[PDB]
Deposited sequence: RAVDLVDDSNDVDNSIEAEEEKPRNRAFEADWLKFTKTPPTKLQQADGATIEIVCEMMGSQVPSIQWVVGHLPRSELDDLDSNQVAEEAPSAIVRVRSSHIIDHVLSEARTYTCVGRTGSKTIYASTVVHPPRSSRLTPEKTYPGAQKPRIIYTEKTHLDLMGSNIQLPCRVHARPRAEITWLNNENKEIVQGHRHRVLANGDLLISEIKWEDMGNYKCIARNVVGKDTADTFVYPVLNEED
């Protein structure tokens, strides 16, 4: 430690079409386990202080991807900023989104109906020491609410066991990682109306 950088930084400006859901993706890599959160509008820089836990855990390296879905038509330009934190470091990328010139839909009201799940928070790469524990997230935007299932490196479905469980919030907890563990784990998020998936690569490093 300590380091933190973007690997997929959002574009600075976007032009909204009429009625179409934007998904702003920001992705980053850093020591231990970076945490991303989004803020809307201009935040005075002093204001973070918005961090959510400052608890002491590992020498892991994580690449984590978070997205912000806008699914309603803006009546006026707005900025969305994604904030990355890990250790003593903080970084951020802002995007201005521009409303349509004209619109058939009501401004500022959420497109109605069901919605395909979208995995909005997920780890791309998670490298940690042998025998350590790792907790791989999967968060979702979905109406109706979305079921989460995980598969392992061999692509078998994961069921609860001494070294594997999926938590209430959909994170997959893997305990005492062994080299047999290295691979890809896939979160399958599903509802009545569709699915999405994400893949996380786990590399258990040595000693």
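S.K.: Compare what was deposited with what's modelled and send me the C-alpha-less stretches, numbered from 1.
M.R.: Model skips 1 to 29, 86 to 88, 240 to 242 of the deposited chain.
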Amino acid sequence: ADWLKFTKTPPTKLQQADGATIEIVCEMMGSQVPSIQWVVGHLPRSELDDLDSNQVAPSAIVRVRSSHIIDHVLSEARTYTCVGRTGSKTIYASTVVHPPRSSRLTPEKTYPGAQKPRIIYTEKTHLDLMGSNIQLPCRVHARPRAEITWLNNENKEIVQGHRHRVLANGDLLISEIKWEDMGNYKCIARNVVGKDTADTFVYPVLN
From here on, numbers count along this sequence of modelled residues.
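S.K.: Averaging C-alpha B-factors over each stretch, which comes out higher, 18 to 26 or 195 to 203?
M.R.: Taking the mean B-factor of the alpha carbons in each, 18 to 26 is higher.
S.K.: Where do the C-alpha atoms have the higher mean temperature factor in this entry, in 63 to 71 or in 37 to 45?
M.R.: If you average the C-alpha B-factors of 63 to 71 and of 37 to 45, the larger mean comes out for 37 to 45.
S.K.: Among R118, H126, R85, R104, where is the Cα B factor highest in this entry?
M.R.: Comparing C-alpha B-factors across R118, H126, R85, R104, the top value belongs to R104.
S.K.: Just the C-alpha B-factor column, please: which of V159, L172, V140, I148 has the biggest number?
M.R.: Answer for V159, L172, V140, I148: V159, with the highest C-alpha B-factor.
S.K.: Taking the entry's C-alpha B-factors for this chain, is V56 in the lowest, middle or highest third?
M.R.: It belongs to the highest third of the chain when residues are ordered by C-alpha B-factor.
S.K.: Taking the C-alpha B-factors as the PDB entry records them, is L136 in the lowest, middle or highest third of its chain?
M.R.: Bottom third by C-alpha B-factor.
S.K.: Classify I177 as lowest, middle or highest third according to the C-alpha B-factor given in the PDB entry, relative to its own chain.
M.R.: CA B-factor rank for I177: highest third.
S.K.: How does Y80 rank on Cα B-factor within its chain, lowest, middle or highest third?
M.R.: Lowest third, going by the recorded CA B-factors of the chain.
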